[PDB]
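J.: Residue numbers (the deposited numbering), protein chains in the order written: chain J, 3 to 100; chain S, 4 to 81; chain U, 2 to 25; chain N, 2 to 61; chain I, 2 to 128; chain C, 2 to 207; chain G, 2 to 156.
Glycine included, each C-beta is placed from N, C-alpha and C at the ideal position.
One structure is given below, represented as structure tokens, and several questions about it will come after.
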RNA sequence: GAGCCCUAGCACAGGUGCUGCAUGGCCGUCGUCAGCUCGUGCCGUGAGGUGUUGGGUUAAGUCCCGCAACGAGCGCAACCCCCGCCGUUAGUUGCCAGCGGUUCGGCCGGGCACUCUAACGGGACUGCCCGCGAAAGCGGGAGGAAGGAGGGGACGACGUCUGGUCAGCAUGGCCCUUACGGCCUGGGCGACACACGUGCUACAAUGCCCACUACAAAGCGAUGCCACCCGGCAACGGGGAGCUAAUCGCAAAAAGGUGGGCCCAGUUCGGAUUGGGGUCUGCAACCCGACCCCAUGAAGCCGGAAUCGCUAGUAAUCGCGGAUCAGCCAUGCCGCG
Ligand SMILES: [Mg+2]
Ligand SMILES: [Mg+2]
Ligand SMILES: [Mg+2]
Ligand SMILES: [Mg+2]
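This is the structure:
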């Protein structure tokens with residue numbers, strides 16, 4: 003039972019990047035428990051638009067950490083093939099656990 | 004307001020304790036108005052800076068526990 | 002109410018806890 | 002002064018109380034968002050360029 | 002044996018489960034009148050029944066979670082209604098007239114900058 | 002003074018970031034300060050190349066710098082003795098292993114940040130603003146573009162009175178999100194003061 | 002209201018007598034959106050109408066209101082000079098608005114310490130037709146008559 | 001006399017020194033107002049006009065009909081985000097929903113149904129009916145979570161105010177260069193006879209107090225949140241488990257509901273002011289920190305002339321979080337419900 007966390011600012015290249023990680027584990031391992039979407043940690047910034055004294059009117063900036071999760075029940079190396087380096091994630095991260 | 008020391012300045016004490024072997028000087032001028040007036044080292048007169056000058060403050064028993072700044076007021080006509 | 006340190010309401014408003022509003 | 006100052010804010014000083022922030026570009030004291038070492042202006046600036054990643058136009 | 006409709010109203014969601022026969026109503030492992038204890042309006046949540054005639058003749062087991070009480074009262078009011086249309090496509094033409102069937106979109110409008118409060122605007126002094 | 006930065010406005014669609022690397026509260030801050038002083042030195046000692054974008058990707062001790070230009074042969078050297086010194090200037094301050102790709106703009110008259118840069122250039126060589134603007138737009142409009150526009154701010158022709166010339170062609174639907182509008186801002190230090198150049202070029206759709 | 006006529010906002014029937022007029026009156030009792038506390042009051046007060054008279058509350062209620070509706074009132078008006086209190090017929094929707102508003106105001110003018118009582122005794126004093134609400138209502142009606150001389154300006 | 005570092009010179013540094021009326025950039029504003037234009041033709045000696053005007057209609061120069069104009073551009077609308085309904089994908093957050101074991105806490109096997117989480121789609125079009133209309137469209141009815149811009153954002157034309165800012169930054173000029181630079185310690189920005197703006201807390205019984213009583217809705221936390229123990233009336237101090245956090249913590253939601261108290265009083269309203277004892281952060285709390293507990297309990301009984309906000313989940317009212325941040329003078333602001 004290999005279980006993996008994936009963070010990302012980019013909601014597209016996760017459901018993308020870490021869901022090829024479901025082909026290369028059903029095609030090369032056995033049973034998968036599909037992609038699970040963890041709720042998001044949304045850091046927000048509120049910024050006064052002008053250099054000087056314009057306290058009403060500012061603009062809203064968010065920085066949104068998306069969180070996806072993957073479970074597979076197959077600690078063999080018929081899997082750990084693609085699933086070590088066979089890349090398409092460029093602004094992503096990995097948590098590796100069992 | 005603390006209870007683990009009386010956060011009084013080294014540079015001042017050093018100068019009082021070392022005056023405490025026959026020492027009766029007025030010429031004593033500090034800048035640490037932040038330092039607590041400490042149990043019994045009284046008799047003397049300390050010139051406390053108010054930001055513009057030091058002030059001849061005589062120090063008595065009834066007035067321990069208080070800081071030095073309390074006796075050297077910093078602003079004018081009040 | 003909200004102005005009185007020594008009420009429940011006082012404490013809530015002020016953020017604090019104490020004798021007049023404990024932490025259970 | 003703002004130089005002898007941009008400089009002084011870099012020395013780890015006697016007592017950490019004296020340790021302040023400073024917009025790392027727009028070399029500046031106030032409204033310094035800690036997650037970016039960035040002054041609210043020199044900040045709205047880079048954000049607009051996309052030179053701070055994931056950072057975006059918020060709207061709800 | 003079992004019947005379901007989901008109600009929502011403003012952060013609050015209702016799990017409704019209708020069962021045939023009776024009259025009693027659980028909400029969150031608690032009697033109705035124990036959950037909505039002397040809150041004048043609660044008697045409203047079951048008004049969908051009163052309108053069909055199943056005033057009593059149904060049991061109800063209920064989960065209810067989300068923000069706050071008076072919403073939940075309405076949340077249920079939809080569940081109940083939705084649940085019993087899925088025990089009768091013929092339960093349309095009487096429930097829709099009083100429309101216990103419309104979700105009701107009205108949420109907290111959002112706090113805007115420069116205002117104090119979404120619409121309430123700061124205090125002008127002119128002179 | 003109204004009007005949003007039309008890149009900022011487009012980051013969701015129609016425009017990606019110039020730093021695509023992930024992180025977290027702990028080192029995002031410096032993965033920025035470094036990240037910048039990079040495109041810092043790059044922009045200065047690479048001007049002659051003429052650099053449009055300068056993307057950056059990361060993944061811990063690697064950093065895929067991708068300097069876009071239209072003069073690639075100026076980043077390079079002879080066989081490669083500039084591009085050699087530079088991948089070495091990068092790792093000089095950056096305690097890291099610096100990948101340093103190069104790209105080319107097939108058409109530098111569709112790269113607003115150059116079009117602006119161009120016009121700025123002319124200005125410092127006491128040129129003729131109204132015309133420069135006039136030409137630049139044309140140049141761009143010539144090379145296949147679906148509309149475009151350029152603004153010089155003020156102190157035109159050394160004038161005591163600051164003013165603001167601008168010319169436009171085709172479309173520039175600045176309110177349409179699905180536009181794809183390269184924007185670029187050239188500066189322009191002159192003997193009597195700064196002017197400011199803004200270039201817009203419209204391409205996209207559906 | 003420059004564009005439209007604005008729909009008479011439609012109210013949710015009384016969950017206890019089934020009357021829109023009642024909710025209306027409950028709302029006028031309400032302070033800072035404490036609708037719960039408000040209904041307690043109205044009902045506790047209907048309690049105090051049995052406990053004191055033979056007849057049905059909904060009936061005292063309907064009636065108290067009826068007596069408090071004004072039929073004419075003065076509306077102010079611009080003329081070449083200063084202003085004119087111009088008497089004119091008071092529209093049904095407003096009659097209702099004013100009645101309820103006045104009942105609640107008059108109620109909280111009374112001396113008794115607990116709200117449901119005040120509401121009740123005022124409701125009672127009204128159907129009998131002698132509350133301070135029916136007072137500040139004959140004041141209007143009378144005042145529209147005082148000014149009967151200017152009734153040739155009504156728009 | 002390679003580099004480095006010292007003292008003596010030198011070229012220079014430095015300047016939050018002046019000019020926003022030399023400037024860039026960015027902002028405010030009329031104003032999300034329904035406008036401002038151009039190309040060609042046409043009319044006029046010409047400035048210019050026509051177009052854009054008119055009649056109908058829109059939230060709109062929105063569209064319709066008409067017309068010496070016919071078309072375009074920056075606007076408006078739409079393309080993006082959030083909130084309503086439904087579907088697909090997906091199972092450490094959902095449950096007896098169904099059954100079994102439950103130390104009776106979804107806790108345990110077990111399942112994703114449902115709730116949710118988050119990605120992607122569907123859905124609304126004046127498409128349908130009746131009436132009026134030449135048309136656009138208007139009024140009404142159906143069905144539908146939603147109906148005629150369903151609700152809230154982001155988004156600010158040509159220009160205007162020689163608006164704002166040289167103290168964020170960039171910059172031309174100008175000016176000081178053992179001092180208009182720099183360093184430190186202390187004071188100041190916290191002064192107080194007065195006067196205004198914006199707020200907070202009240203003046204009470206639709207109220208105040210004390211008790212018991214899950215209805216959760218955004219966000220933050222590994223030099224942190226800190227459960228839970230014990231000491232203390234408490235602030236807080238010991239200890240001390242868990243969480244790189246849909247898993248652990250901040251966290252009590254408060255208004256509410258139930259019970260009891262107060263009984264119309266300057267009060268069991270109100271908590272200013274002052275005396276005292278302490279806690280914490282910090283090198284350090286006199287000037288000048290917040291917090292706890294004892295005492296002290298002020299003006300205030302709803303406010304002259306004036307005057308501000310808001311059209312619906314709005315106003316009113318009740319809490320919750322965050323940014324800066326050692327601590328905090330936040331009753332401020334940005335957000336949640
Ligand atoms: Mg100006
Ligand atoms: Mg300017
Ligand atoms: Mg000025
Ligand atoms: Mg001026």
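Based on DSSP bridge pairs, tell me the residues matched to residue 167/C.
T.: Locating residue 167/C in the sixth chain gives position 166, counting from the first residue. 152/C.
J.: Report the three-state DSSP secondary structure of residue 90/I (helix, strand or coil).
T.: The residue you call residue 90/I lines up with position 89 of the fifth chain. If DSSP states are grouped into helix, strand and coil, residue 90/I belongs with the helices.
J.: Could you check whether residue 8/I and residue 96/I sit closer than 8 Å to each other, using their CB atoms as the reference points?
T.: Numbered from 1 along the fifth chain, position 95 holds the residue referred to as residue 96/I. Numbered from 1 along the fifth chain, position 7 holds the residue referred to as residue 8/I. No, Cβ-Cβ distance for residue 96/I and residue 8/I is not below 8 Å.
J.: Name, in chain order, the residues that DSSP records as bridge partners for residue 199/C.
T.: Against the sixth chain, residue 199/C aligns to sequence position 198. Residue 199/C is bridged to 152/C, 186/C.
J.: Just to make sure I have the definition right: I need the residues of chain N whose C-beta is within less than 9 Å of the C-beta of residue 50/J. Which are they?
T.: For the purposes of this step, residue 50/J is taken as the residue at position 48 of the first chain. What residue 50/J touches in chain N: 32, 41, 42, 45.
J.: Could you check the C-alpha separation between residue 48/I and residue 23/I for me, to the nearest Å?
T.: Along the fifth chain, read from residue 1 onward, the residue named residue 48/I stands at position 47. Along the fifth chain, read from residue 1 onward, the residue named residue 23/I stands at position 22. Approximately 16 Å between the Cα atoms of the pair.
J.: Would you be able to state if there are at least three C-beta pairs under 8 Å between the segment 91–98 of chain J and the segment 29–39 of chain J?
T.: No: fewer than three Cβ pairs fall under 8 Å.
J.: When DSSP labels each residue in this structure, what does residue 68/G get in the three-state scheme?
T.: Numbered from 1 along the seventh chain, position 67 holds the residue referred to as residue 68/G. In the structure shown, residue 68/G sits in a helix (DSSP, three-state: H, G or I).
J.: What residues in its chain sit with their C-beta under 7 Å from that of residue 14/U, if we drop five residues either side in the sequence?
T.: Locating residue 14/U in the third chain gives position 13, counting from the first residue. The answer, listed in chain order, is 3.
J.: Could you check how far apart the C-beta atoms of residue 61/S and residue 33/S are, in whole angstroms? I think they sit under 8 Å.
T.: Along the second chain, one-based indexing puts residue 61/S at 58. Along the second chain, one-based indexing puts residue 33/S at 30. Not a contact, Cβ separation roughly 14 Å.
J.: In terms of residues, what are the limits of the alpha helix (DSSP H) holding residue 148/G?
T.: What you label residue 148/G is simply residue 147 of the seventh chain in a count that begins at 1. Run containing residue 148/G: none; DSSP gives neither H nor E here.
J.: With 9 Å as the C-beta to C-beta threshold (strictly closer), list the residues of the segment 48–72 of chain C near chain J in chain order.
T.: So the close ones are 58, 59, 60, 65.
J.: Cβ closer than 9 Å: which chain I residues qualify as neighbours of residue 41/G?
T.: What you label residue 41/G is simply residue 40 of the seventh chain in a count that begins at 1. Within chain I, the residues near residue 41/G are 39, 41.
J.: Please tell me whether residue 9/J has its Cβ less than 8 Å away from any Cβ of chain C.
T.: Translated into positions along the first chain, residue 9/J becomes position 7. Output row for residue 9/J: interface = yes.
J.: So, does the segment 32–41 of chain I touch the segment 14–32 of chain N, judging by three or more C-beta pairs under 8 Å?
T.: Segments in contact, no.
J.: As an exercise, report each continuous alpha helix (DSSP H) stretch of at least 4 residues that is fully enclosed by the segment 50–112 of chain C, in chain order.
T.: The segment 50–112 of chain C contains these whole alpha helix (DSSP H) runs: 74–77, 84–94.
J.: Give me, in chain order, the residues of the same chain whose beta-carbon lies closer than 7 Å to that of residue 36/N; leave out the 5 immediate sequence neighbours on both sides.
T.: To locate residue 36/N, count along the fourth chain from 1; it is residue 35. Correct list: empty, nothing qualifies.
J.: Alpha carbon to alpha carbon, how far is residue 101/I from residue 93/I?
T.: Residue 101/I sits at position 100 when you count from the first residue of the fifth chain. Residue 93/I sits at position 92 when you count from the first residue of the fifth chain. Answer to the nearest angstrom: the Cα atoms are 10 Å apart.
J.: On a Cα-Cα basis, can you pick out the residue from 46/G, 123/G, 129/G, 151/G that is closest to residue 78/G?
T.: Counted from its first residue, the seventh chain places residue 78/G at position 77. Closest option to residue 78/G, Cα to Cα, is 151/G.
J.: According to DSSP, simplified to helix, strand and coil, what is residue 39/N?
T.: Sequence index remark: in the fourth chain, residue 39/N carries index 38 (1-based). Reduced to three states, the DSSP call for residue 39/N is strand.
J.: Determine the direct distance from the alpha carbon of residue 17/N to that of residue 31/S, and round the result to whole angstroms.
T.: Against the second chain, residue 31/S aligns to sequence position 28. Against the fourth chain, residue 17/N aligns to sequence position 16. So the alpha carbons of these two residues sit roughly 31 Å apart.
J.: Starting from residue 43/G, follow the alpha helix (DSSP H) in both directions and report where the run begins and ends.
T.: If you number the seventh chain from 1, residue 43/G lands on position 42. Note, residue 43/G: alpha helix (DSSP H), 36–51.
J.: Any Cβ of chain G within less than 8 Å of the Cβ of residue 46/I?
T.: Position 45 of the fifth chain holds residue 46/I. Not an interface residue.
J.: Examine chain C for any beta-carbon lying closer than 8 Å to the beta-carbon of residue 95/J, and answer yes or no.
T.: By one-based count along the first chain, residue 95/J stands at place 93. With 8 Å as the cut-off, residue 95/J counts as an interface residue toward chain C.
J.: Given this structure, state the Cα-to-Cα distance separating residue 70/G from residue 75/I, to the nearest angstrom.
T.: Translated into the one-based positions of the seventh chain, residue 70/G becomes position 69. Translated into the one-based positions of the fifth chain, residue 75/I becomes position 74. Roughly 35 Å between the two C-alpha positions.
J.: In the DSSP assignment, what residue or residues form a beta bridge with residue 7/J?
T.: In the first chain, counting from the first residue as 1, residue 7/J sits at position 5. Paired residues: 71/J, 97/J.
J.: Three-state secondary structure (DSSP) at residue 13/I?
T.: Translated into positions along the fifth chain, residue 13/I becomes position 12. In the structure shown, residue 13/I sits in a strand (DSSP, three-state: E or B).
J.: What residues from the segment 95–116 of chain I come within 9 Å of chain J, judged by C-beta to C-beta, listed N to C?
T.: Hits within the stretch, in order: 114, 115, 116.
J.: Have a look at residue 27/G and residue 39/G and give me their C-alpha separation to the nearest angstrom.
T.: Numbered from 1 along the seventh chain, position 26 holds the residue referred to as residue 27/G. Numbered from 1 along the seventh chain, position 38 holds the residue referred to as residue 39/G. Roughly 6 Å separates the two Cα atoms.
J.: Could you work out which residues of chain I lie near residue 60/J, taking near to mean beta carbons separated by less than 7 Å?
T.: Numbered from 1 along the first chain, position 58 holds the residue referred to as residue 60/J. Ordered by position in chain I, the residues that pass the 7 Å Cβ test against residue 60/J are 114.
J.: Compare the C-alpha of residue 73/J against each of 12/J, 49/J, 39/J and name the closest.
T.: The residue you call residue 73/J lines up with position 71 of the first chain. If we check each option's Cα against that of residue 73/J, 39/J comes out closest.
J.: Is residue 15/I closer than 8 Å to residue 77/I when the C-beta atoms are compared?
T.: Here the question's residue 77/I lines up with position 76 in the fifth chain. Here the question's residue 15/I lines up with position 14 in the fifth chain. Taking 8 Å as the Cβ cut-off, residue 77/I and residue 15/I qualify as a contacting pair.
J.: Along the chain, where does the alpha helix (DSSP H) containing residue 60/I start, and where does it finish?
T.: Numbered from its first residue, the fifth chain carries residue 60/I at position 59. Looking at the DSSP string, residue 60/I is not in any alpha helix (DSSP H); the run it does join, the beta strand (DSSP E), is 59–66.
J.: Could you check where the beta strand (DSSP E) with residue 36/J kicks off and where it finishes?
T.: Along the first chain, read from residue 1 onward, the residue named residue 36/J stands at position 34. Here the beta strand (DSSP E) through residue 36/J covers 34–50.
J.: Give the straight-line distance between the Cα atoms of residue 24/J and residue 12/J, rounded to the nearest whole angstrom.
T.: Here residue 24/J is taken as the residue at index 22 of the first chain, counted from 1. Here residue 12/J is taken as the residue at index 10 of the first chain, counted from 1. Roughly 19 Å between the two C-alpha positions.
J.: Span of the alpha helix (DSSP H) holding residue 125/G?
T.: Counting from one through the seventh chain, the residue named residue 125/G turns up at place 124. Its alpha helix (DSSP H) spans residues 116–128.
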